[PDB]
Amino acid sequence: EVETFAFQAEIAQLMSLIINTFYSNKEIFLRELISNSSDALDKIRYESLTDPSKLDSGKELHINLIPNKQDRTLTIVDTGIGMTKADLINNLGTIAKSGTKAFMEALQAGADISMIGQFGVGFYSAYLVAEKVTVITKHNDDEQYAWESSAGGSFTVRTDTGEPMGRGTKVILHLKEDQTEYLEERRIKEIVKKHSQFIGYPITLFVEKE
Ligand SMILES: CNc1ncnc2[nH]cnc12
């Protein structure tokens, strides 16, 4: 059972702008997604301070980066608070409609695309490098779901049959054919050290057999 939804018009326009604008500094996508994971780990931590049973689904708090050259995917995994089905449908827990309107107003007044995170919609910078994004997520108060979109104005939500993750979110980037540099260990390391060196959770870069 798969359900299909239309993006609100402002989010559809934001995604088409990210996909079709000439902008060379694409590497900022990974900074924005690591920051999103850190915010979600802060949230489950705060809830656990008064109710430790919230970590019955997993006590480790971390971020993993997993490249796969055979599938041409780069995946970002966190053990944060996760998303309910309502959260996924509601623009992955963001205020994306008003955030877009601010981002547009800022771009006209001189800002550039790398400031996207200051408006609450940094998740959509994934489309600088991906042609499709799949999101797997599990919140303590709901079941495991998969969200997916290739842009084009719609997304799908379904109940996920894959491996149970316990609690958290997985962002799988199906990369554009000319953006494979972001599967290389040296390149990922460079980007993390430049943009994310003070994140307060351990970041582990997996390697491959090759
Ligand atoms: C983008 N929305 C998110 N909500 C909850 N956990 C996450 N981890 C990465 N992105 C998120």
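One-based numbering, in listed order, for ligands and for the atoms of each. These values consider heavy atoms only, across backbone and side chains, with no hydrogens, waters or symmetry-generated copies. Residue indices begin at 1 and follow the sequence shown.
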Are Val129 and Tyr182 side-chain neighbours, meaning at least one heavy-atom pair lies under 4.5 Å? yes

Who's the nearest protein heavy-atom neighbour of atom 11 (C) of ligand 1, and how far? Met83 CE, 4.2 Å

At their closest point, which heavy atom of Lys138 faces which heavy atom of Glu143, and how far apart are they? CD-C, 3.7 Å

When only distance counts, is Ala40 in polar contact with ligand 1, meaning an N/O pair under 3.5 Å? no

Please state whether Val171 comes within less than 4.0 angstrom of ligand 1, counting heavy atoms only. no

Do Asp78 and ligand 1 have an N or O pair less than 3.5 Å apart? yes

Heavy-atom pair with the smallest gap, counting every atom of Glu131 and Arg72: OE2-NH2, 4.3 Å

Identify the heavy atoms of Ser149 and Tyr127 that sit nearest to each other, and give their distance. O-OH, 2.9 Å

Suppose we measure from atom 1 (C) of ligand 1 to each protein heavy atom; which comes out shortest, and what is that distance? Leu92 O, 3.6 Å

The closest protein heavy-atom partner of atom 10 (N) of ligand 1 is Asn36 CB, 3.9 Å

When you measure from atom 7 (C) of ligand 1 to every protein heavy atom, which one gives the shortest distance, and what is it? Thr169 OG1, 3.7 Å

Short N-O contact, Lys26 and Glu181, less than 4.0 angstrom: no

Identify the residue among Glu184, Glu190, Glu185 that makes a salt bridge (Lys or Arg N to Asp or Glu O under 4.0 Å) with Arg187. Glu190

